[PDB]
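These notes concern the structure reproduced below.
Labels run A, B, C, D, E, F, G, H, I, J, K and L following the written order; every chain starts at residue 1.
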């Protein structure tokens, strides 16, 4: 686990996946891989996983899912809040996303 | 008000554009067929309208996504990771025609049963202009050579000036275009995915993947 | 050129540990701290003993040093244990009426675990008003499942819309916002021939 | 040809001024002409000089002698009674399983409550119709899954196969030249696939 | 039971049928120059939950975009029969999975 | 299109007899068929008709003959039969087999056969 | 009930002749005609009030409304000797006429 | 309100909207504007408004909404049942829709 | 862009007064305005300011004069008023009304006017 | 509390002159300078550290960090005789300096 | 950093062969390896590549269904297997490294196969 | 992609200057180059274009444009007796030239 929340700037969402949650049957995890625009190929921020748990007992799309679908289809840059807790994806560790905000400009996205 | 400059994206090297310019394909001059994309499809590409854009932010974001495609392509396992793209500057003249106004003229003249709502949205989003059959090099002024170096990630931009450009004061035609009734049938509009760019605009830039727009506008 | 200063009453007593504020709550910016005399005066009696506190893009110092405020790059305040967080809702206590705007276009998004989906509507390249909708809280929460479909539809295409707004409550989600945000209670597509927009 | 509804579906209280109750529709003139039992049941009830209006004409009864006349669509609804007929029937046949191979959807129909129906075509002629409803029926639980595919096929014009069930018959269309049953499946297939 | 991974395939067929007392959903993948892979998912065991509808929506969205997919299939206990679907992944648009 | 009847001859009170009307040239499962008579003194009298596939081959008659004459189809042979019960001492008439077409919003006949002769004596 | 008049009528070559045919009440343009040759042959001539069946010569004509309907032949030829009738289809059961004979002398 | 029901032919939807219900919660109205082919440029038969209600206790979508969305996106002619009651829309009263079918040809949509 | 003040003179102890600050050249509903003081033998001290339209026309006051000097706006006339519930001998000073801007993350004065003299005497 | 030095200073045309204004603790670069001519009008010269306001000639400049910040004049001209001040803007309430009187010999 | 491979073999047609290319001197998990063969008196030809860190492979269209690339992390040795041999498959097989850029640098010996 | 080289074999006197060209059926952005010795593995020689790697002597250079690239040999020795190939990796899959061997007079 990462001891504190990390903030990355100017990434995009490039894939989406669905997989059952092992601990409790009443949830599943939506997972994707983010990439920083124009980043170095050897940089640690050029390939990063993330997941968040959806609920099943109530129908209808969660507020996160609609935004993720829209950004995935339209490919806009955004700012993502990652950490602190970690989950597993593809047999490897992955972070948990708490907040998600689209980018507005240079004053907001360094 | 009509503008004086238009911009286009292409990949053909600048060393031969200045002697040849861009040319259309055939003699089909129907407007709705061009907007829907049926006349720009593979195996059916026969159109007399070259499509250009009048806003540079759209072309810049398009080229940025095209450049970024190569990075993930290389990481997947194919391609070196280097990209070369271009952005062109063309002068507008009285031979050009607007797209949104011509579409609305067609819809008004021939009724709502021949209209398609998202076609006008695509026309207004891309702020396109039609250059008719030919767009001669005399209106070509400047080019931008964008280079992406995959070994280190640096982005480089350079510009050059044409030796055959001619300076004249002339702006785009204010009168919308009129076309005859369509003889074919249209199911939907063809749209490239990530980003949403009209089929007719991206087909002249380059397999290709095209998906009906009305199928994605709502969430399944 | 300016920012909207959140009121003092939204200050959270139980701060977020290591940057994780509780759900439905957001951190605080240094600019929003330099414009609240009441909050600053109130804060002097709560931070004794050489302590240090974190912010979104800065750092706050305790009463032992004198309460100096210093700037920092974003994400640099979560390294410390204590952080300031503020609630993101506000009940104005004002009579409700039908307010609306015209010729707008949606351009922005925001979401979290248990928060609203929000958008910013812009006319002629400048922001006008913001709107939000939630499925878990509020008076108009039942309309989320209905309004979200049309919201997504008008996002994908550049169709002009008329937006209806209720002013019984106000939201402070977007940090350092140069505009106001309210609740969303309606959407109507533009039509000039029928004199709507 | 034209599908002639049966006699047992008549409603005892006609609609007031042209608004039939839910899950009901007005009777057409053509269907009226081609039925003997319906004519017999219309007489022995209408009396005095009572006039009645149908969907596409006028009906004179009582002491007029039962004269039917043709008119413009919806041009006589202003009278105080309009014949209304139910659009649902139980057949009693067992749980069949039928399919119609290559077909394309062409038309849609909907109203308050009721159901959504589609008309399938092959080389320009109707073949069969199907309907789905979230309010009643044996297959109500399948609506939320079939509506997505029905929207997709209608928008994209996909040639598909249709699984239908002949337990129930519906008469939602006016002057239909085809039968209508309950939808129970749909499949997009390559030629000779096994999963169909 | 054995588990296998397939990458860089395309959805070619799609069906929704009533088989027995429960509904069923099947799909067929395709890649040039090799065999086909087929799997099915049944709304049995799962009930009073939104799992089936979400998976159906994801699969329909994947088919509509004509994009490449990565799928996990559980081996059938007897030959010539579809297996059980476990995981579905959408490859990047206009590209390939890593 | 050819429509020709057969059967008949002579019959005595209380004796049944089935007539055959065999057709060709059209799809037998989609059209209607009717039986009309011409008892001495003209005054052609309509009796009944059978329906097509889309309606389930239902039958409607006229007058008070309900409970006497019936109609059945053999779809695999394009042959239609007409069954009579106890023939009345006056039933003598040339029986005609005709097809029914639909146009606009009504019905009519279209084609006619040669006819069959039945004489009932005692 | 339904009646016709005259029962019999005669003419010669090139003689325009018209026959009458009426009903008890208004029948809403559902009236048909027939041609019964001297022995064992029936052929339809007009099915709607004015619409003409295929194969019938164009010389025949018909018009009417309400309760009055007439049929007109432009000019008589020898082949025209036959018996004509009428039939209505407004409501069940259908009914025919009494007949009308055309002769030459 | 008009005491008797009206029927319209050759109508095409051009705009949609969505608004709450004034007199009682747990309800919602869906409204739009319909245009008639062959109508004059200033004809009163152009831009006829229509509304219908929705119940909020049932998730998902009712059949009417699905048909409306389809015919809106595809821009096909339709047949309309309008009246007799009236509902509010943008400061003007608008009629109610009770049944709606798509036209097939000149046989039943003159 | 300029701003002019009017009013002043002599006010007896225990008497109230209101000043004026009239603006021109800039959109009055967008910017922050404030007040300044200058004791004859001392430096400059800050009183308070009124926020703009977006912030909802709220005001901030310094601890020196809390609950004595209020600030009000009149958008229809573009006039700033400053009320004084009580006045004492020590309050004689030259009063300035000034504007406030906003940079990256700060606030700064940019225009000042011309000033006026207010005196308390007996 | 805030102080300045020198209290008074005199020079001649062409003499580079600097003024030292300091604070009690860290202020994070929020100093603004002001010029007050004898006529009573008060104008702004530098608002954020080391950036020149519109209308002020490029002669004036500033520098500093932490607690010490120094204003510098390239050369004194007859129109520069006035009194200068330094104001802080980090925490409410704001405080002004004592001022410096600058004469020309 | 070197690459060491197996020897030369001879096989009967209709069988299958399996070749090794062991790598040492660096972290093998984060670099692709390419497979290229050269027929006698003919030009080079591309077979496929494998990434040890993800296990994803890419093959040419004409070798689809015939070849299979595997890597063993314990011995840092890559394995190539080809089935249904014919007389046209006699060639010299090479293994080389890619740098996610730049160029192929470290090749290997011959490992000829005769069918 | 199809690559053509000419001549198949090259002969030259020591110390001279000679070049080889490999052409393509379609335009590609870059043109790699390789050197190959008998009985051993080939070794890299150029990457991208006109860009030498570490260790290769400076006496080798290359230049060209779209659909036509050249390799320039400016200092010949007995060591240069080898085979040269050119590679593209802009469109999947890569293609190699048939190659050309060098012979010393």
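Quick note on the criterion: contacts are C-beta pairs under 8 Å (C-beta built on N, C-alpha and C of every residue); 3 or more make two chains touch, one makes a residue touch a chain.
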item: Steps in the shortest chain-to-chain touch route ending at chain K and beginning at chain C; value: 2
item: Labels of chains that are neighbours to chain C and to chain J; value: I
item: Co-neighbours of chain G and chain D - touch as defined; value: F
item: Where chain A and chain H are represented by their mean Cα positions, the distance between them in whole Å; value: 42
item: Whole-Å gap separating chain A and chain G, where each centre is the average of the chain's CA atoms; value: 86
item: Chain B and chain D: spacing of chain centres that average the CA atoms, whole Å; value: 48
item: Contacts with two or more other chains, residues of chain J listed in rising order; value: 92-93
item: Multi-chain contact residues (two or more partners), chain L; value: 92
item: Multi-chain contact sites of chain I, meaning residues that touch two or more partners; value: 60, 101, 106-107
item: Chain K contact footprint on chain B (complex, rising order); value: 74-75, 77-78, 80-81, 150-151
item: In the complex with chain B, residue positions of chain E that touch it; value: 57, 60-61, 64-67, 92-98
item: Chain E contact footprint on chain K (complex, rising order); value: 54, 56, 61, 64-65
item: In the complex with chain B, residue positions of chain A that touch it; value: 12, 14, 35, 37-41, 47, 61, 66, 69, 73-75
item: Residues of chain K touching chain L in the complex; value: 42-46, 58, 60, 94, 102-105, 107-109
